[PDB]
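Have a look below at one chain only, the form deposited in one PDB entry, in structure tokens format.
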């Protein structure tokens, strides 16, 4: 499929950036997670980034660590996550769905089989948080064989060699953690950049797009709303809807 390509072309036509919320699948439980995700979509999320609970999330801060703990507390397994992904794709045929994975869960039952399962349920991209570009070859190859975009992080400490590698090897979008970077990525024909550092308010969404990025990823702020409203699922959904609506509005021309 070409879900990212189609999304970016449509957004471009509307002079619009992407807004992409992250949540952990199964947080705080399977049924509630499903309603969360549909709420994000109905509020105007342009794509999703979705985490699978893992014992040791090396690249993640406190909010996400806590999301993981909640999802495990609920007994959420990778198999159940893939069941969820199939359901989500069945409800929503065009929205790009990206996973944020840890290497062990990809490698566990064979790397090729993992990406085969991704393709079967209708995932579009996979970011493997603990695989640097230098080690990515078998992950990228398996991804592309199964029509999955491999996503790479372009960190603040990126050099020119890294930019070229990220530009050449990534598809779907480039995950930016930051303006020089944005210009260089475009020069090297990289996948459109989404800014993923510190996107917690509408002004940062607008700032990302104004700087030349194709959009912005809210890496933790959505999870913060979950964590805050655990005792009140109805209010949780309410607050997610208004937050996502506001963030997406900020992306609009």
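Numbering follows the first chain given and starts at 1. Think of the rigid core as the biggest set of C-alphas that the two forms share within 1.5 Å after superposition.
Below, we turn to the form deposited in another entry, even though it does not appear here.
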Sole residue of 56, 31, 42, 187 shifting 2 angstroms or more in CA between the shown form and the other one, core aligned: 56
Cα separation of residue 144 and residue 60 in that other deposited form versus here, shift of 3 Å or more: farther
Change in CA distance between residue 217 and residue 55 in that other deposited form, which is 3 Å or more, as closer or farther: closer
